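Chemist: The structure file target37.txt (compact mmCIF, N, CA and C atoms) is provided below.
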```txt
# COMPACT_ATOMS: atom_id res chain seq x y z
N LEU B 368 -62.33 43.32 -19.53
CA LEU B 368 -61.42 43.66 -18.44
C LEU B 368 -62.12 43.95 -17.12
N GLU B 369 -63.43 44.19 -17.12
CA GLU B 369 -64.15 44.33 -15.86
C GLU B 369 -64.06 43.05 -15.04
N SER B 370 -64.25 41.91 -15.69
CA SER B 370 -63.86 40.61 -15.17
C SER B 370 -62.56 40.20 -15.85
N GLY B 371 -62.13 38.97 -15.58
CA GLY B 371 -60.96 38.48 -16.26
C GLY B 371 -61.23 37.66 -17.50
N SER B 372 -62.44 37.74 -18.05
CA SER B 372 -62.85 36.84 -19.12
C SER B 372 -62.11 37.17 -20.41
N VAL B 373 -61.50 36.15 -21.01
CA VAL B 373 -60.84 36.27 -22.31
C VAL B 373 -61.09 34.99 -23.10
N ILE B 374 -61.17 35.14 -24.42
CA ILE B 374 -61.03 34.03 -25.36
C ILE B 374 -59.76 34.32 -26.15
N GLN B 375 -58.64 33.77 -25.70
CA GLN B 375 -57.32 34.21 -26.13
C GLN B 375 -56.64 33.14 -26.97
N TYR B 376 -55.91 33.60 -27.99
CA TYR B 376 -55.12 32.73 -28.85
C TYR B 376 -53.76 33.39 -29.06
N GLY B 377 -52.71 32.74 -28.56
CA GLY B 377 -51.37 33.28 -28.69
C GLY B 377 -50.66 32.97 -29.99
N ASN B 378 -51.23 32.09 -30.81
CA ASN B 378 -50.64 31.80 -32.12
C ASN B 378 -50.59 33.06 -32.98
N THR B 379 -51.67 33.83 -32.97
CA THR B 379 -51.67 35.13 -33.63
C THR B 379 -50.70 36.07 -32.92
N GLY B 380 -50.17 37.02 -33.68
CA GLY B 380 -49.16 37.92 -33.15
C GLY B 380 -49.72 39.05 -32.32
N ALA B 381 -50.85 38.82 -31.66
CA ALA B 381 -51.48 39.84 -30.83
C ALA B 381 -52.40 39.15 -29.84
N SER B 382 -52.18 39.40 -28.55
CA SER B 382 -53.01 38.83 -27.49
C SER B 382 -53.94 39.92 -26.96
N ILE B 383 -55.22 39.57 -26.78
CA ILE B 383 -56.23 40.57 -26.46
C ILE B 383 -55.99 41.17 -25.07
N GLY B 384 -55.49 40.38 -24.12
CA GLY B 384 -55.28 40.91 -22.78
C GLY B 384 -54.23 42.00 -22.75
N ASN B 385 -53.11 41.78 -23.44
CA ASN B 385 -52.06 42.79 -23.51
C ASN B 385 -52.57 44.05 -24.20
N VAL B 386 -53.34 43.88 -25.27
CA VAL B 386 -53.88 45.03 -25.99
C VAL B 386 -54.81 45.84 -25.08
N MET B 387 -55.71 45.17 -24.37
CA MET B 387 -56.65 45.88 -23.51
C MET B 387 -55.94 46.59 -22.36
N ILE B 388 -54.98 45.92 -21.72
CA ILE B 388 -54.27 46.54 -20.61
C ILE B 388 -53.44 47.72 -21.10
N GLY B 389 -52.75 47.57 -22.23
CA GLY B 389 -51.99 48.69 -22.78
C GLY B 389 -52.87 49.86 -23.17
N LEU B 390 -54.07 49.57 -23.68
CA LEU B 390 -55.03 50.63 -23.96
C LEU B 390 -55.44 51.34 -22.68
N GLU B 391 -55.65 50.58 -21.61
CA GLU B 391 -56.04 51.18 -20.34
C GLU B 391 -54.94 52.08 -19.78
N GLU B 392 -53.69 51.62 -19.83
CA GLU B 392 -52.59 52.38 -19.26
C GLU B 392 -52.27 53.65 -20.04
N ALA B 393 -52.83 53.81 -21.24
CA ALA B 393 -52.57 54.97 -22.07
C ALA B 393 -53.60 56.08 -21.88
N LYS B 394 -54.54 55.90 -20.97
CA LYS B 394 -55.58 56.89 -20.70
C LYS B 394 -55.10 57.93 -19.71
N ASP B 395 -55.81 59.06 -19.67
CA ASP B 395 -55.49 60.16 -18.77
C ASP B 395 -56.10 59.91 -17.41
N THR B 396 -55.31 60.12 -16.36
CA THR B 396 -55.71 59.81 -14.99
C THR B 396 -55.79 61.07 -14.14
N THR B 397 -56.81 61.12 -13.26
CA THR B 397 -57.02 62.25 -12.32
C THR B 397 -56.91 61.75 -10.90
N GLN B 398 -55.87 62.16 -10.19
CA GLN B 398 -55.77 61.81 -8.79
C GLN B 398 -56.37 62.96 -7.97
N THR B 399 -57.69 62.98 -7.81
CA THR B 399 -58.31 64.11 -7.11
C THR B 399 -58.28 63.92 -5.59
N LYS B 400 -57.41 64.67 -4.93
CA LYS B 400 -57.27 64.52 -3.49
C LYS B 400 -58.51 64.87 -2.71
N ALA B 401 -59.17 65.96 -3.05
CA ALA B 401 -60.37 66.40 -2.33
C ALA B 401 -60.01 66.39 -0.88
N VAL B 402 -58.80 66.87 -0.58
CA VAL B 402 -58.34 66.90 0.79
C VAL B 402 -58.91 68.15 1.39
N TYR B 403 -60.23 68.21 1.47
CA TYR B 403 -60.87 69.41 1.98
C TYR B 403 -60.93 69.46 3.48
N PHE B 409 -56.32 73.85 4.12
CA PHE B 409 -57.71 73.57 3.77
C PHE B 409 -57.96 73.92 2.30
N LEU B 410 -57.26 73.22 1.42
CA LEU B 410 -57.37 73.39 -0.03
C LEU B 410 -58.39 72.38 -0.53
N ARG B 411 -59.60 72.86 -0.81
CA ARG B 411 -60.77 71.99 -0.90
C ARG B 411 -60.71 70.98 -2.04
N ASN B 412 -59.96 71.25 -3.11
CA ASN B 412 -60.11 70.50 -4.35
C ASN B 412 -58.76 70.17 -5.00
N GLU B 413 -57.82 69.63 -4.24
CA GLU B 413 -56.47 69.42 -4.75
C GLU B 413 -56.37 68.33 -5.82
N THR B 414 -56.92 68.57 -7.01
CA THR B 414 -56.85 67.56 -8.07
C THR B 414 -55.47 67.55 -8.72
N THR B 415 -55.28 66.58 -9.61
CA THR B 415 -54.12 66.52 -10.49
C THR B 415 -54.51 65.75 -11.73
N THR B 416 -53.75 65.94 -12.81
CA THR B 416 -53.94 65.17 -14.03
C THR B 416 -52.59 64.63 -14.48
N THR B 417 -52.61 63.46 -15.11
CA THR B 417 -51.39 62.80 -15.55
C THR B 417 -51.64 62.11 -16.88
N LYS B 418 -50.80 62.41 -17.87
CA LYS B 418 -50.89 61.74 -19.16
C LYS B 418 -50.46 60.28 -19.03
N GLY B 419 -51.14 59.40 -19.76
CA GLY B 419 -50.84 57.99 -19.69
C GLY B 419 -49.56 57.61 -20.41
N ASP B 420 -49.10 56.40 -20.14
CA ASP B 420 -47.89 55.86 -20.75
C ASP B 420 -48.27 54.91 -21.89
N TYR B 421 -47.50 54.98 -22.97
CA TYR B 421 -47.78 54.21 -24.18
C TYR B 421 -46.84 53.03 -24.37
N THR B 422 -46.10 52.64 -23.33
CA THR B 422 -45.09 51.60 -23.48
C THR B 422 -45.72 50.23 -23.73
N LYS B 423 -46.71 49.87 -22.92
CA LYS B 423 -47.34 48.56 -23.08
C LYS B 423 -48.06 48.44 -24.41
N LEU B 424 -48.76 49.50 -24.83
CA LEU B 424 -49.41 49.50 -26.13
C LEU B 424 -48.40 49.40 -27.26
N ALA B 425 -47.27 50.11 -27.13
CA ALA B 425 -46.24 50.04 -28.16
C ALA B 425 -45.67 48.63 -28.26
N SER B 426 -45.45 47.97 -27.12
CA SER B 426 -44.95 46.60 -27.15
C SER B 426 -45.99 45.63 -27.70
N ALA B 427 -47.28 45.89 -27.47
CA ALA B 427 -48.31 44.98 -27.93
C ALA B 427 -48.46 45.02 -29.45
N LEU B 428 -48.29 46.18 -30.06
CA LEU B 428 -48.47 46.35 -31.49
C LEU B 428 -47.18 46.18 -32.28
N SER B 429 -46.07 45.85 -31.62
CA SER B 429 -44.77 45.84 -32.29
C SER B 429 -44.66 44.70 -33.30
N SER B 430 -45.24 43.54 -32.99
CA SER B 430 -45.07 42.35 -33.81
C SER B 430 -46.23 42.08 -34.74
N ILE B 431 -47.18 43.00 -34.86
CA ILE B 431 -48.40 42.75 -35.62
C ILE B 431 -48.11 42.91 -37.11
N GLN B 432 -48.48 41.91 -37.89
CA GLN B 432 -48.43 41.97 -39.35
C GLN B 432 -49.84 41.76 -39.88
N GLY B 433 -50.30 42.67 -40.72
CA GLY B 433 -51.62 42.57 -41.29
C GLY B 433 -52.66 43.30 -40.46
N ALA B 434 -53.90 42.82 -40.57
CA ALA B 434 -55.02 43.47 -39.91
C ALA B 434 -55.20 42.95 -38.49
N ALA B 435 -55.27 43.87 -37.53
CA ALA B 435 -55.63 43.60 -36.14
C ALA B 435 -56.56 44.72 -35.71
N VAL B 436 -57.86 44.46 -35.78
CA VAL B 436 -58.90 45.48 -35.64
C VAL B 436 -59.77 45.14 -34.44
N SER B 437 -59.98 46.12 -33.56
CA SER B 437 -60.76 45.94 -32.34
C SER B 437 -62.12 46.60 -32.49
N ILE B 438 -63.16 45.88 -32.10
CA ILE B 438 -64.54 46.35 -32.13
C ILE B 438 -65.11 46.23 -30.72
N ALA B 439 -65.60 47.34 -30.18
CA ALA B 439 -66.21 47.36 -28.86
C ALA B 439 -67.72 47.28 -28.99
N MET B 440 -68.35 46.43 -28.19
CA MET B 440 -69.79 46.23 -28.25
C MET B 440 -70.39 46.13 -26.85
N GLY B 441 -69.77 46.81 -25.88
CA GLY B 441 -70.31 46.88 -24.54
C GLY B 441 -69.67 45.88 -23.60
N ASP B 442 -68.76 46.35 -22.76
CA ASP B 442 -67.98 45.54 -21.82
C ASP B 442 -67.46 44.26 -22.46
N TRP B 443 -67.23 44.30 -23.77
CA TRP B 443 -66.79 43.13 -24.53
C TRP B 443 -66.11 43.63 -25.79
N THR B 444 -64.86 43.23 -25.99
CA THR B 444 -64.06 43.65 -27.14
C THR B 444 -63.76 42.44 -28.02
N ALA B 445 -63.95 42.60 -29.32
CA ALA B 445 -63.62 41.58 -30.31
C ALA B 445 -62.45 42.06 -31.15
N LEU B 446 -61.36 41.30 -31.14
CA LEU B 446 -60.17 41.59 -31.92
C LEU B 446 -60.08 40.61 -33.08
N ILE B 447 -60.08 41.12 -34.30
CA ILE B 447 -60.00 40.32 -35.51
C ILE B 447 -58.60 40.48 -36.09
N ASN B 448 -57.92 39.36 -36.33
CA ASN B 448 -56.60 39.36 -36.96
C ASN B 448 -56.66 38.55 -38.25
N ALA B 449 -56.03 39.09 -39.29
CA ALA B 449 -56.05 38.45 -40.60
C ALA B 449 -54.85 38.92 -41.41
N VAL B 450 -54.14 37.97 -42.02
CA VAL B 450 -52.98 38.30 -42.84
C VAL B 450 -52.73 37.17 -43.83
N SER B 451 -52.20 37.53 -45.00
CA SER B 451 -51.76 36.60 -46.03
C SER B 451 -50.40 37.03 -46.53
N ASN B 452 -49.45 36.10 -46.57
CA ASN B 452 -48.07 36.39 -46.96
C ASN B 452 -47.66 35.51 -48.13
N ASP B 453 -46.87 36.08 -49.04
CA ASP B 453 -46.37 35.39 -50.22
C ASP B 453 -44.94 35.82 -50.50
N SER B 454 -44.10 34.88 -50.92
CA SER B 454 -42.70 35.17 -51.17
C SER B 454 -42.17 34.26 -52.28
N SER B 455 -41.24 34.79 -53.07
CA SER B 455 -40.62 34.07 -54.17
C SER B 455 -39.15 34.46 -54.29
N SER B 456 -38.34 33.53 -54.78
CA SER B 456 -36.91 33.76 -54.93
C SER B 456 -36.38 32.92 -56.09
N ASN B 457 -35.49 33.51 -56.88
CA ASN B 457 -34.97 32.90 -58.10
C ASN B 457 -33.53 33.34 -58.30
N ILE B 458 -32.59 32.39 -58.24
CA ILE B 458 -31.16 32.69 -58.27
C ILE B 458 -30.47 31.80 -59.30
N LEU B 459 -29.64 32.41 -60.14
CA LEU B 459 -28.79 31.71 -61.10
C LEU B 459 -27.34 32.15 -60.91
N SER B 460 -26.43 31.18 -60.83
CA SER B 460 -25.01 31.48 -60.70
C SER B 460 -24.21 30.61 -61.66
N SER B 461 -23.13 31.16 -62.21
CA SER B 461 -22.29 30.46 -63.19
C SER B 461 -20.82 30.79 -63.00
N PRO B 462 -20.12 30.07 -62.13
CA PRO B 462 -18.66 30.21 -62.06
C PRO B 462 -17.95 29.35 -63.10
N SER B 463 -16.80 29.83 -63.55
CA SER B 463 -16.04 29.15 -64.60
C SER B 463 -14.55 29.34 -64.37
N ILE B 464 -13.76 28.38 -64.87
CA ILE B 464 -12.31 28.44 -64.73
C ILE B 464 -11.66 27.62 -65.84
N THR B 465 -10.47 28.06 -66.27
CA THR B 465 -9.69 27.39 -67.29
C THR B 465 -8.44 26.78 -66.67
N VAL B 466 -8.17 25.51 -66.96
CA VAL B 466 -7.03 24.79 -66.42
C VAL B 466 -6.34 24.02 -67.54
N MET B 467 -5.18 23.47 -67.21
CA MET B 467 -4.50 22.51 -68.06
C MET B 467 -4.84 21.09 -67.62
N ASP B 468 -4.61 20.14 -68.51
CA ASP B 468 -4.84 18.74 -68.19
C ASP B 468 -3.99 18.31 -67.01
N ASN B 469 -4.62 17.62 -66.06
CA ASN B 469 -3.95 17.06 -64.88
C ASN B 469 -3.49 18.14 -63.90
N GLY B 470 -4.08 19.33 -63.97
CA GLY B 470 -3.75 20.40 -63.05
C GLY B 470 -4.93 20.77 -62.18
N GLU B 471 -4.63 21.34 -61.01
CA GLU B 471 -5.66 21.77 -60.07
C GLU B 471 -5.98 23.25 -60.26
N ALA B 472 -7.26 23.59 -60.13
CA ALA B 472 -7.71 24.97 -60.25
C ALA B 472 -8.63 25.32 -59.09
N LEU I 368 -55.46 55.10 -32.95
CA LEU I 368 -54.91 55.02 -31.61
C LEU I 368 -55.96 55.10 -30.51
N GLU I 369 -57.17 55.56 -30.81
CA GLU I 369 -58.23 55.52 -29.80
C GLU I 369 -58.52 54.09 -29.37
N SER I 370 -58.60 53.18 -30.33
CA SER I 370 -58.51 51.75 -30.10
C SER I 370 -57.11 51.29 -30.47
N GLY I 371 -56.89 49.98 -30.44
CA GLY I 371 -55.61 49.47 -30.88
C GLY I 371 -55.56 49.02 -32.32
N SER I 372 -56.53 49.42 -33.14
CA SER I 372 -56.66 48.88 -34.48
C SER I 372 -55.53 49.37 -35.38
N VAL I 373 -54.86 48.43 -36.04
CA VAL I 373 -53.83 48.73 -37.02
C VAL I 373 -53.93 47.74 -38.17
N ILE I 374 -53.58 48.20 -39.37
CA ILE I 374 -53.26 47.33 -40.49
C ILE I 374 -51.79 47.58 -40.79
N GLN I 375 -50.92 46.77 -40.22
CA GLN I 375 -49.50 47.06 -40.13
C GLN I 375 -48.69 46.12 -41.01
N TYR I 376 -47.64 46.67 -41.62
CA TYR I 376 -46.70 45.91 -42.43
C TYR I 376 -45.29 46.36 -42.07
N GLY I 377 -44.51 45.45 -41.50
CA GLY I 377 -43.15 45.77 -41.10
C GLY I 377 -42.11 45.66 -42.19
N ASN I 378 -42.47 45.10 -43.34
CA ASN I 378 -41.53 45.03 -44.46
C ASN I 378 -41.11 46.42 -44.90
N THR I 379 -42.06 47.34 -44.98
CA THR I 379 -41.74 48.74 -45.24
C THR I 379 -40.96 49.32 -44.06
N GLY I 380 -40.13 50.31 -44.36
CA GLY I 380 -39.26 50.88 -43.35
C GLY I 380 -39.95 51.87 -42.43
N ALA I 381 -41.24 51.68 -42.19
CA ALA I 381 -42.01 52.57 -41.33
C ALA I 381 -43.24 51.83 -40.85
N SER I 382 -43.42 51.74 -39.54
CA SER I 382 -44.58 51.09 -38.95
C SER I 382 -45.53 52.16 -38.42
N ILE I 383 -46.82 51.99 -38.70
CA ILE I 383 -47.79 53.05 -38.41
C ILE I 383 -47.94 53.26 -36.90
N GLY I 384 -47.83 52.20 -36.10
CA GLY I 384 -48.00 52.36 -34.67
C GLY I 384 -46.91 53.23 -34.05
N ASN I 385 -45.66 52.99 -34.43
CA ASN I 385 -44.56 53.80 -33.94
C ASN I 385 -44.71 55.25 -34.37
N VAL I 386 -45.13 55.47 -35.62
CA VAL I 386 -45.31 56.83 -36.12
C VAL I 386 -46.39 57.55 -35.32
N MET I 387 -47.53 56.89 -35.09
CA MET I 387 -48.62 57.52 -34.37
C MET I 387 -48.24 57.82 -32.92
N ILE I 388 -47.59 56.87 -32.25
CA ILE I 388 -47.21 57.10 -30.86
C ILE I 388 -46.16 58.20 -30.76
N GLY I 389 -45.18 58.21 -31.65
CA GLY I 389 -44.19 59.27 -31.64
C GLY I 389 -44.80 60.63 -31.94
N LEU I 390 -45.80 60.67 -32.81
CA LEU I 390 -46.52 61.91 -33.05
C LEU I 390 -47.24 62.37 -31.79
N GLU I 391 -47.84 61.43 -31.06
CA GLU I 391 -48.55 61.77 -29.83
C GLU I 391 -47.60 62.31 -28.77
N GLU I 392 -46.44 61.68 -28.60
CA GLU I 392 -45.51 62.10 -27.56
C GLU I 392 -44.85 63.44 -27.86
N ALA I 393 -44.99 63.96 -29.07
CA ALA I 393 -44.39 65.23 -29.45
C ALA I 393 -45.33 66.41 -29.26
N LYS I 394 -46.52 66.19 -28.72
CA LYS I 394 -47.49 67.25 -28.50
C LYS I 394 -47.25 67.94 -27.16
N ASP I 395 -47.83 69.12 -27.02
CA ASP I 395 -47.70 69.92 -25.81
C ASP I 395 -48.73 69.47 -24.78
N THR I 396 -48.29 69.30 -23.54
CA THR I 396 -49.12 68.75 -22.48
C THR I 396 -49.34 69.77 -21.37
N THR I 397 -50.58 69.78 -20.83
CA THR I 397 -50.96 70.68 -19.72
C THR I 397 -51.35 69.85 -18.51
N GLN I 398 -50.55 69.91 -17.46
CA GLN I 398 -50.92 69.24 -16.23
C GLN I 398 -51.63 70.24 -15.33
N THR I 399 -52.93 70.45 -15.53
CA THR I 399 -53.64 71.47 -14.76
C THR I 399 -54.09 70.94 -13.40
N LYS I 400 -53.40 71.35 -12.34
CA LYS I 400 -53.74 70.85 -11.02
C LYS I 400 -55.12 71.21 -10.55
N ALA I 401 -55.54 72.45 -10.76
CA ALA I 401 -56.86 72.90 -10.30
C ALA I 401 -56.97 72.50 -8.86
N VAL I 402 -55.87 72.69 -8.13
CA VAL I 402 -55.86 72.32 -6.73
C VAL I 402 -56.47 73.48 -5.99
N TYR I 403 -57.74 73.74 -6.27
CA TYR I 403 -58.39 74.87 -5.65
C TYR I 403 -58.92 74.58 -4.27
N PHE I 409 -54.35 77.87 -1.22
CA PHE I 409 -55.59 77.92 -1.99
C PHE I 409 -55.34 78.63 -3.32
N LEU I 410 -54.46 78.05 -4.14
CA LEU I 410 -54.10 78.57 -5.46
C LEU I 410 -55.01 77.88 -6.47
N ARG I 411 -56.02 78.61 -6.93
CA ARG I 411 -57.18 77.99 -7.58
C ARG I 411 -56.86 77.28 -8.89
N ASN I 412 -55.80 77.67 -9.59
CA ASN I 412 -55.62 77.26 -10.98
C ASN I 412 -54.17 76.87 -11.30
N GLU I 413 -53.56 76.02 -10.48
CA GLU I 413 -52.14 75.71 -10.64
C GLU I 413 -51.82 74.90 -11.89
N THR I 414 -51.95 75.49 -13.08
CA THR I 414 -51.65 74.76 -14.30
C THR I 414 -50.14 74.67 -14.53
N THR I 415 -49.77 73.91 -15.56
CA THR I 415 -48.41 73.87 -16.06
C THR I 415 -48.46 73.48 -17.53
N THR I 416 -47.39 73.79 -18.26
CA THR I 416 -47.26 73.37 -19.65
C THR I 416 -45.89 72.73 -19.84
N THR I 417 -45.82 71.76 -20.74
CA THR I 417 -44.59 71.02 -20.99
C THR I 417 -44.47 70.71 -22.47
N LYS I 418 -43.35 71.08 -23.07
CA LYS I 418 -43.10 70.75 -24.46
C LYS I 418 -42.86 69.26 -24.62
N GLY I 419 -43.35 68.70 -25.72
CA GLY I 419 -43.22 67.28 -25.96
C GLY I 419 -41.81 66.87 -26.37
N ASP I 420 -41.57 65.57 -26.33
CA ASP I 420 -40.29 64.99 -26.70
C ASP I 420 -40.38 64.41 -28.11
```
As structure tokens, please, write out the structure in this file.
Modeler:
Amino acid sequence: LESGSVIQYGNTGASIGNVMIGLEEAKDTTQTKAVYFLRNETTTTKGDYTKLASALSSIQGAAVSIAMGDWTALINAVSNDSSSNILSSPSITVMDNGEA
Amino acid sequence: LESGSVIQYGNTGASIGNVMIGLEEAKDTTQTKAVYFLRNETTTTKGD
């Protein structure tokens, strides 16, 4: 994020840019005025988790981030299996040449 | 939550990311101005 460099794949249910930006917006911020006649008018503000919540909403399986110095590697991996088995038996009794 | 790492499964009726974020938003927060000429203008706020 210091530059705009990404190796991005949108096929996976998680994009690295959205994850990184949402992580950034969730940090605590200090707007220190230093309007020095109140010499040190700082402030603190808790971050917002909306972008991070939206980024992780569709993730199925493993999505693990590893930081190694101004470079983040996101690994995604999942395996899905499903089975279905249905039996139905309707029956009716009629007379010859009649509709049922 | 320090990173974005999750091993998430939505089939279950509970997703870990939503649980963790909701737990975080329910904590007590201190917006300490330290606008030092009231040297220590703190505040406290109950979580949602």
Chemist: Can you tell me which residues surround residue I:394 at a distance of at most 8 Å, considering only N, CA and C atoms, apart from same-chain residues fewer than 2 positions away, and format the answer as a VMD selection string?
Modeler: chain I and resid 389 to 392 396 to 397 417 to 420
Chemist: Emit as lines of an AutoDock Vina configuration file the padded axis-aligned box for all listed atoms of stretch 372-375 of chain B, 3 Å per side, with centre and edge lengths in Å to one decimal.
Modeler:
```
center_x = -59.7
center_y = 35.4
center_z = -22.5
size_x = 12.2
size_y = 10.6
size_z = 14.9
```
Chemist: I need the residues of chain I that end up classed as strand (DSSP E) by DSSP on the backbone, written out as a list in words.
Modeler: residues 373, 374, 375, 396, 397, 416 and 417 of chain I
Chemist: Kindly provide, as number ranges by chain, the residues of chain I having any atom no farther than 7 Å from an atom of chain B, counting only C-alpha atoms.
Modeler: I: 370-377, 384, 398-403, 409
Chemist: Can those selected residues be exported to a file as a PDB file, in the frame of the given file so that it contains N, CA and C atoms?
Modeler:
```pdb
ATOM      1  N   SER I 370     -58.600  53.180 -30.330  1.00  0.00           N
ATOM      2  CA  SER I 370     -58.510  51.750 -30.100  1.00  0.00           C
ATOM      3  C   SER I 370     -57.110  51.290 -30.470  1.00  0.00           C
ATOM      4  N   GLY I 371     -56.890  49.980 -30.440  1.00  0.00           N
ATOM      5  CA  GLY I 371     -55.610  49.470 -30.880  1.00  0.00           C
ATOM      6  C   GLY I 371     -55.560  49.020 -32.320  1.00  0.00           C
ATOM      7  N   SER I 372     -56.530  49.420 -33.140  1.00  0.00           N
ATOM      8  CA  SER I 372     -56.660  48.880 -34.480  1.00  0.00           C
ATOM      9  C   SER I 372     -55.530  49.370 -35.380  1.00  0.00           C
ATOM     10  N   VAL I 373     -54.860  48.430 -36.040  1.00  0.00           N
ATOM     11  CA  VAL I 373     -53.830  48.730 -37.020  1.00  0.00           C
ATOM     12  C   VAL I 373     -53.930  47.740 -38.170  1.00  0.00           C
ATOM     13  N   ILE I 374     -53.580  48.200 -39.370  1.00  0.00           N
ATOM     14  CA  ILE I 374     -53.260  47.330 -40.490  1.00  0.00           C
ATOM     15  C   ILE I 374     -51.790  47.580 -40.790  1.00  0.00           C
ATOM     16  N   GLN I 375     -50.920  46.770 -40.220  1.00  0.00           N
ATOM     17  CA  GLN I 375     -49.500  47.060 -40.130  1.00  0.00           C
ATOM     18  C   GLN I 375     -48.690  46.120 -41.010  1.00  0.00           C
ATOM     19  N   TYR I 376     -47.640  46.670 -41.620  1.00  0.00           N
ATOM     20  CA  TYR I 376     -46.700  45.910 -42.430  1.00  0.00           C
ATOM     21  C   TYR I 376     -45.290  46.360 -42.070  1.00  0.00           C
ATOM     22  N   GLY I 377     -44.510  45.450 -41.500  1.00  0.00           N
ATOM     23  CA  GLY I 377     -43.150  45.770 -41.100  1.00  0.00           C
ATOM     24  C   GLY I 377     -42.110  45.660 -42.190  1.00  0.00           C
ATOM     25  N   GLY I 384     -47.830  52.200 -36.100  1.00  0.00           N
ATOM     26  CA  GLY I 384     -48.000  52.360 -34.670  1.00  0.00           C
ATOM     27  C   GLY I 384     -46.910  53.230 -34.050  1.00  0.00           C
ATOM     28  N   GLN I 398     -50.550  69.910 -17.460  1.00  0.00           N
ATOM     29  CA  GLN I 398     -50.920  69.240 -16.230  1.00  0.00           C
ATOM     30  C   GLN I 398     -51.630  70.240 -15.330  1.00  0.00           C
ATOM     31  N   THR I 399     -52.930  70.450 -15.530  1.00  0.00           N
ATOM     32  CA  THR I 399     -53.640  71.470 -14.760  1.00  0.00           C
ATOM     33  C   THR I 399     -54.090  70.940 -13.400  1.00  0.00           C
ATOM     34  N   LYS I 400     -53.400  71.350 -12.340  1.00  0.00           N
ATOM     35  CA  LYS I 400     -53.740  70.850 -11.020  1.00  0.00           C
ATOM     36  C   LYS I 400     -55.120  71.210 -10.550  1.00  0.00           C
ATOM     37  N   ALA I 401     -55.540  72.450 -10.760  1.00  0.00           N
ATOM     38  CA  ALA I 401     -56.860  72.900 -10.300  1.00  0.00           C
ATOM     39  C   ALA I 401     -56.970  72.500  -8.860  1.00  0.00           C
ATOM     40  N   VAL I 402     -55.870  72.690  -8.130  1.00  0.00           N
ATOM     41  CA  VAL I 402     -55.860  72.320  -6.730  1.00  0.00           C
ATOM     42  C   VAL I 402     -56.470  73.480  -5.990  1.00  0.00           C
ATOM     43  N   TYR I 403     -57.740  73.740  -6.270  1.00  0.00           N
ATOM     44  CA  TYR I 403     -58.390  74.870  -5.650  1.00  0.00           C
ATOM     45  C   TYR I 403     -58.920  74.580  -4.270  1.00  0.00           C
ATOM     46  N   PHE I 409     -54.350  77.870  -1.220  1.00  0.00           N
ATOM     47  CA  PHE I 409     -55.590  77.920  -1.990  1.00  0.00           C
ATOM     48  C   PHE I 409     -55.340  78.630  -3.320  1.00  0.00           C
TER      49      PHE I 409
END
```
Chemist: Kindly give the distance, in Å, that separates atom CA of residue I:368 and atom C of residue I:382, rounded to a single decimal.
Modeler: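 We find that atom CA of residue I:368 and atom C of residue I:382 lie 11.9 Å from each other.
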Chemist: Mind listing the alpha helix (DSSP H) residues of chain B, per DSSP on the backbone, as a VMD selection string?
Modeler: chain B and resid 383 to 392 422 to 427
Chemist: Can you work out the spacing between atom N of residue B:451 and atom CA of residue I:388 in Å, to one decimal?
Modeler: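 Value for the atom N of residue B:451-atom CA of residue I:388 distance: 24.7 Å.
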Chemist: Just write stretch 387-395 of chain B with N, CA, C and O atoms, as a CSV table (one decimal), in the first residue's frame, taken from the block above.
Modeler:
```csv
chain,number,residue,atom,x,y,z
B,387,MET,N,-6.4,-4.8,2.5
B,387,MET,CA,-5.4,-3.9,3.0
B,387,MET,C,-6.0,-2.5,3.4
B,387,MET,O,-5.7,-2.0,4.5
B,388,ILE,N,-6.9,-2.0,2.5
B,388,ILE,CA,-7.5,-0.7,2.8
B,388,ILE,C,-8.4,-0.8,4.0
B,388,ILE,O,-8.4,0.1,4.9
B,389,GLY,N,-9.2,-1.8,4.1
B,389,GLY,CA,-10.1,-2.0,5.2
B,389,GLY,C,-9.3,-2.2,6.5
B,389,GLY,O,-9.7,-1.7,7.6
B,390,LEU,N,-8.2,-2.8,6.5
B,390,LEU,CA,-7.3,-2.9,7.6
B,390,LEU,C,-6.8,-1.6,8.0
B,390,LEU,O,-6.7,-1.3,9.2
B,391,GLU,N,-6.4,-0.8,7.0
B,391,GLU,CA,-5.9,0.6,7.3
B,391,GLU,C,-7.0,1.5,8.0
B,391,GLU,O,-6.7,2.2,9.0
B,392,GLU,N,-8.2,1.4,7.5
B,392,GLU,CA,-9.3,2.3,8.0
B,392,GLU,C,-9.7,1.9,9.4
B,392,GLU,O,-10.5,2.6,10.0
B,393,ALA,N,-9.3,0.7,9.9
B,393,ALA,CA,-9.7,0.2,11.2
B,393,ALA,C,-8.7,0.6,12.3
B,393,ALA,O,-8.9,0.1,13.4
B,394,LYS,N,-7.7,1.3,12.0
B,394,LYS,CA,-6.7,1.7,12.9
B,394,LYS,C,-7.1,3.0,13.7
B,394,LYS,O,-8.0,3.7,13.2
B,395,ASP,N,-6.4,3.2,14.8
B,395,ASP,CA,-6.7,4.4,15.6
B,395,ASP,C,-5.9,5.6,15.1
B,395,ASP,O,-4.7,5.5,14.8
```
